[PDB]
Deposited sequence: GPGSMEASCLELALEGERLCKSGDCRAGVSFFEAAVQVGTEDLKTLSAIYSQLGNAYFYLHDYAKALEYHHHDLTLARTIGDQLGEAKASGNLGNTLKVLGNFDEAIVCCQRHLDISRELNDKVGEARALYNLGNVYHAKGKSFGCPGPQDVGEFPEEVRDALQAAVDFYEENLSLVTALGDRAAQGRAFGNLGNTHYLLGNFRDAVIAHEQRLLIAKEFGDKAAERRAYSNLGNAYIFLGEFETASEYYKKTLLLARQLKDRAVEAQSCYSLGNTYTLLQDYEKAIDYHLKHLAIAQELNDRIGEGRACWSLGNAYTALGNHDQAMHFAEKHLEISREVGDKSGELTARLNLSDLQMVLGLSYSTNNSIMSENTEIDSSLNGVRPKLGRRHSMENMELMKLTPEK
């Protein structure tokens, strides 16, 4: 039937994206769309795959559109988890585009549904996703030195809010034992502090990020941590310190 062949093409697409070549994976997903199916669970899944595929490819407009169809459809068939997820992805995409307000609503939904269903895994991710949004939002005021000295309570509020999500996230992910996740949260938590002017707090966060990076054998994350650490010391005045972390950074990407 047309079901079977649509099922095949998607399955392929998954292994293709799973194995690095998402460009071709997209094509197989689109193809499976072109074939189509009376099973909307499956279709829903496929649009999602496309949404992310295209997200990774930096074509955010198309990701938005594919997740919006996913979201709609999950609502259509009463798939709460599916709606939680599609929300998340749409939210993140909206963040990337700079439509923070609607992004917040979308990520907020993801959270609420994940709480309802008592999905702690999903709950924590949404907490991280929200973190990034409020971060991005507060970050996108004017430019990122004169900032830390003077800026509006409604921007503070936006950043402090991220901090609160990150911390909550962290807490959650300590329970689930997810080192990777602590990795991500720590980094962004630190930059958020950096902007807020909490530089000693910044360091702590990135030291944890670095440690976790080293533990995973992750050079890019090592690459960053040193970088972000350089910046904070600079703001405390420790230039000889900064000088070295910066050296390590340049020294790293070499290796």
> Can you list the gaps, numbered from 1 on the deposited sequence, where no C-alpha is modelled?
Replying inline: 1-3, 148, 260-406
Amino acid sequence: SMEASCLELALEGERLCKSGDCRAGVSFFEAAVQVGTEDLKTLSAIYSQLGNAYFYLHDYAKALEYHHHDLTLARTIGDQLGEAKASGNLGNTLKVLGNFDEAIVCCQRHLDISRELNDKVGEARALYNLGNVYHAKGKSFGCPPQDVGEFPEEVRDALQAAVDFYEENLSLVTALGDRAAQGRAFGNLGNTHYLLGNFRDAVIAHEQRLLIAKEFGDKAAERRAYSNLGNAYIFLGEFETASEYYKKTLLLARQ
From here on, numbers count along this sequence of modelled residues.
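Heads up, when I say rigid core I mean the largest set of C-alphas that superpose within 1.5 Å between the two forms.
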> Of the stretches 84-92 and 177-185, which sits farther from where it is here in 5 other deposited structures of this protein, on average over its Cα atoms, after fitting the core?
Replying inline: 177-185
> Out of 45-53 and 212-220, which shows the greater rigid core-aligned C-alpha deviation in 5 other deposited structures of this protein?
Replying inline: 212-220
> Is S171 one of the residues left unmodelled in a third or more of the other entries compared?
Replying inline: no
> Does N99 have no coordinates in at least a third of the other PDB entries examined?
Replying inline: no
> Averaged over C-alpha atoms, is the B-factor higher for 63-71 or for 22-30 in this PDB entry?
Replying inline: 22-30
> Between 146-154 and 159-167, which has the higher average C-alpha B-factor in the PDB entry?
Replying inline: 146-154
> At the C-alpha atoms, which of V203, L189, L210, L50 reaches the highest B-factor in this entry?
Replying inline: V203
> Taking the C-alpha B-factors as the PDB entry records them, is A124 in the lowest, middle or highest third of its chain?
Replying inline: lowest
> In terms of the chain's CA B-factor thirds, is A175 lowest, middle or highest?
Replying inline: lowest
> Thinking about Cα B factors across the chain, which third does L90 belong to?
Replying inline: lowest
> Relative to the other modelled residues in the chain, which third contains the C-alpha temperature factor of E116: lowest, middle or highest?
Replying inline: highest
